[PDB]
Amino acid sequence: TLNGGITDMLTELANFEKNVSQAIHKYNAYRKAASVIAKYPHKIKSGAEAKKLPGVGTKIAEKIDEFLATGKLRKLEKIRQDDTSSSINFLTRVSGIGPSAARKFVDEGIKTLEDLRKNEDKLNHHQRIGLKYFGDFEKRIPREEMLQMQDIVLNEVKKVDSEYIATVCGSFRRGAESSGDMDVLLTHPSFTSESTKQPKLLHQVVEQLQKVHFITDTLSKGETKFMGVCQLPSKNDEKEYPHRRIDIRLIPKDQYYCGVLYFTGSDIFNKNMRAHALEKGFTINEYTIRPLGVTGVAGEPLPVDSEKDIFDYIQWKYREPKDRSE
DNA sequence: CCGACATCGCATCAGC
DNA sequence: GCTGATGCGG
DNA sequence: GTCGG
Ligand SMILES: O=c1ccn([C@H]2C[C@H](O)[C@@H](COP(=O)(O)NP(=O)(O)OP(=O)(O)O)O2)c(=O)[nH]1
Ligand SMILES: [Cl-]
Ligand SMILES: [Cl-]
Ligand SMILES: [Cl-]
Ligand SMILES: [Cl-]
Ligand SMILES: [Mg+2]
Ligand SMILES: [Mg+2]
Ligand code: NA
Ligand code: NA
């Protein structure tokens, strides 16, 4: 919160580029700067001072000076005053509705929560559920609840097959006092980069979690990635808990470390690290880290037996999960 | 100046 | 049906 | 919007 004002401004700017301008790179550019500034250990006194940080160029430093003097940015003041942008921005908040869909709905007069509700027929499945739990999905999950959800998920998975290994990653694994959702990495000896000796591994788990009424809805479901909704059980007379988003990712057991690295994030930390890998001559994904050939083509998977092994290849000192929240 | 900017799963679509 | 491109999520 | 070469 040292430079909250500045990072909020950048984040707001980032969302506009993404949702309205549909300018993915400007969006990322703003996120990087917000990120680098968010960790900057000093209260920024000027754009020049900020422009010294990597990711902060001439344009952003100029905006920081405007914001510092006035306490606001005229460019954003206007954007907030543009109905179309206001609408597009709002619609993107529904899970399932992105920049394109948001703009399309707006072109059809559908531009408010009320418009959406009376037009469910014009929504795909995912968007439907996103609208259904709109409020709940805007709420944060106290870690305390994350702990309760962890017990349930791990114990239900164990019941299906003691050989499954479920790890809660994402912001939770990074130690956050609250998360936007629960992210679960799943593995089973039967599924390796070598073979799939047992199908429905993810399905089985999803089924058990539904049976106990933990998973309530589904956004999308494949053989390795499940995206849905879940809810903690409440007691008698107790008010119900909010519905929560849950992502489950089944990964080859022998590719655990690359998988846990990826799913632990943050997303920006991941972008920065994968970028660094490229510069060092490697390419990293949730499955492996591979060298980059002279032709550019990625080679064979390098041996990995710990997250640290990945950091070493790219010449980075290990960073605890708690220090990866960029 | 100018190209690169991380990576990929699932849903939906168009074209054949 | 298939593939490949796009959207949206990650 | 920013950066390296
Ligand atoms: O763009 C993305 C999004 C996510 N990820 C990875 C990192 C992130 O930590 C993880 C889980 O995705 P979430 O969207 O759940 N983010 P996270 O759990 O970090 O934060 P939050 O508390 O918002 O859920 O997936 C990427 O690599 N790229
Ligand atoms: Cl762009
Ligand atoms: Cl402002
Ligand atoms: Cl691995
Ligand atoms: Cl791979
Ligand atoms: Mg998460
Ligand atoms: Mg998630
Ligand atoms: Na800079
Ligand atoms: Na959305």
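Chain A is the first sequence line, chain B the second, and so forth, proteins listed ahead of strands; every chain is numbered from 1. Worth knowing before you read on, the calculation uses all heavy atoms, side chains too, and leaves out hydrogens, waters and symmetry mates.
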Here the distance between atom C1' of B/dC8 and atom CD1 of A/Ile251, to the nearest Å, is 11 Å
> Considering only the P atoms, how many Å lie between D/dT2 and B/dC8, rounded to the nearest integer?
Replying inline: 28 Å
* Asked: Just wondering, more than 12 heavy atoms not from A/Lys32 lying within 6.0 Å of its NZ?
  -> no
Heavy-atom nearest nucleotide on DNA chain B taken for A/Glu223 and for A/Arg31; more 5' hit belongs to A/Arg31
### Message
Counting only side-chain nitrogens and oxygens, does A/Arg274 get under 4.0 Å of the OP1 or OP2 atom of B/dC5?
### Response
no
**Prompt:** Any side-chain N or O of A/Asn285 less than 4.0 Å from the OP1 or OP2 oxygen of B/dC8?
**Reply:** yes
Which of D/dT2, B/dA6, C/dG10 is nearest the side chain of A/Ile60? It is D/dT2
- Check every strand shown and say whether A/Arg103 touches a base, only sugar-phosphate, or nothing at a heavy-atom separation below 4.0 Å. nothing
NA contact type, A/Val94, heavy-atom cut-off 4.0 Å: base, sugar-phosphate, or nothing? sugar-phosphate
Touch class at under 4.0 angstrom, heavy-atom based, for A/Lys59 against every strand present
sugar-phosphate
When the ring planes of A/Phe282 and A/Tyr313 are compared, do they come out parallel, tilted or perpendicular, using 30° and 60° as the limits? tilted
Next on the checklist: Counting only heavy atoms not in A/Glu62 (residues, nucleotides, ligands), do more than 12 fall under 6.0 Å from its CD?
Outcome noted: no
In whole angstroms, the gap separating P of B/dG9 from CZ of A/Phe191 amounts to 10 Å
TODO: Check every strand shown and say whether A/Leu278 touches a base, only sugar-phosphate, or nothing at a heavy-atom separation below 4.0 Å.
DONE: sugar-phosphate
Check the phosphate of B/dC10 against A/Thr224, side-chain N and O only, distance under 4.0 Å to OP1 or OP2. Yes or no? yes
Closest of D/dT2, B/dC10, C/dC8 to the A/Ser220 side chain is B/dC10
Checking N1-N3 plus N6-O4 or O6-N4 for Watson-Crick, or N1-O2 and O6-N3 for wobble, each under 3.5 Å, the partner of B/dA6 is none
Regarding A/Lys104 and A/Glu108, does a basic nitrogen lie under 4.0 Å from an acidic carboxylate oxygen? yes
note: A/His25, atom NE2; B/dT7, atom P; distance rounded to Å ~ 13 Å
Is the A/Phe90-A/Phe134 ring centre distance short of 6.0 angstrom? yes
Taking C/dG10, C/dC8, B/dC8 as options, the one with an atom nearest any side-chain atom of A/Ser100 is C/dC8
From the candidates C/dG10, C/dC8, C/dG9, the one with an atom nearest any side-chain atom of A/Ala101 is C/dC8
If you look at every strand shown and take non-hydrogen atoms under 4.0 Å, does A/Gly96 touch a base, only sugar-phosphate, or nothing? sugar-phosphate
**Report entry** P spacing across the pair B/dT7 / C/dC8, given as an integer number of angstrom
**Finding:** 22 Å
In whole angstroms, the gap separating P of B/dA4 from NZ of A/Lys32 amounts to 16 Å
Once you measure the plane-to-plane angle for A/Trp316 and A/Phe269, does it fall in the parallel (<30°), tilted (30-60°) or perpendicular (>60°) bin?
tilted
Looking only at D/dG1, B/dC8, C/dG9, the nucleotide nearest the A/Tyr287 side chain is B/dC8
From OH of A/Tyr262 across to P of B/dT7 the rounded distance in Å is 13 Å
Per atom distances to the A/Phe263 side chain, the nearest of B/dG9, C/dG10, D/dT2 is C/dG10
Closest of B/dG9, B/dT7, B/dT12 to the A/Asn124 side chain is B/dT12
Sign of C1'-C2'-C3'-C4' (positive north, negative south) puts the sugar of C/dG9 north
P spacing across the pair B/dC5 / C/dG10, given as an integer number of angstrom:
23 Å
A/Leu185 atom CG is separated from B/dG9 atom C1', nearest whole Å, by 14 Å
A/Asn15 CG to C/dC8 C1', in whole Å, measures 15 Å
Per the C1'-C2'-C3'-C4' dihedral, where positive means north and negative south, the sugar of B/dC8 is south
Is it the case that over 12 heavy atoms from other parts of the model lie below 6.0 angstrom from the NZ atom of A/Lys211? no
Classified through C1'-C2'-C3'-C4' with positive north and negative south, C/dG1 counts as north
- Task: Mind checking A/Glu17 for me? I need base, sugar-phosphate or nothing, with any heavy atom below 4.0 Å counting as a touch.
- Result: nothing
Is A/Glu223 salt-bridged to A/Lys200, going by a charged N under 4.0 Å from an acidic O? no
Check whether any side-chain heavy atom of A/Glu326 lies under 4.5 Å from a side-chain heavy atom of A/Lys271, and answer yes or no. no
Closest to the 5' end of DNA chain B, once A/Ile284 and A/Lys221 are matched to their nearest nucleotides, is A/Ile284
For A/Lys225, base N/O atoms closer than 5.0 Å to the side chain belong to the groove that is the minor
Taken to the nearest whole Å, NZ/A/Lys18 to P/B/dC5 is 21 Å
Would you tabulate the nitrogen or oxygen pairs shorter than 3.5 Å linking the protein to nucleotides 1-3 of chain C?
none

Q | Stacking of B/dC10 on B/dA11, centroid gap under 5.5 Å, tilt under 30° | A | yes
### Query
At under 4.0 Å, does any side-chain N or O of A/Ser95 touch on OP1 or OP2 of C/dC8?
no
| Whether A/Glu66 side chain and A/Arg74 backbone form a donor-acceptor pair below 3.5 Å | yes
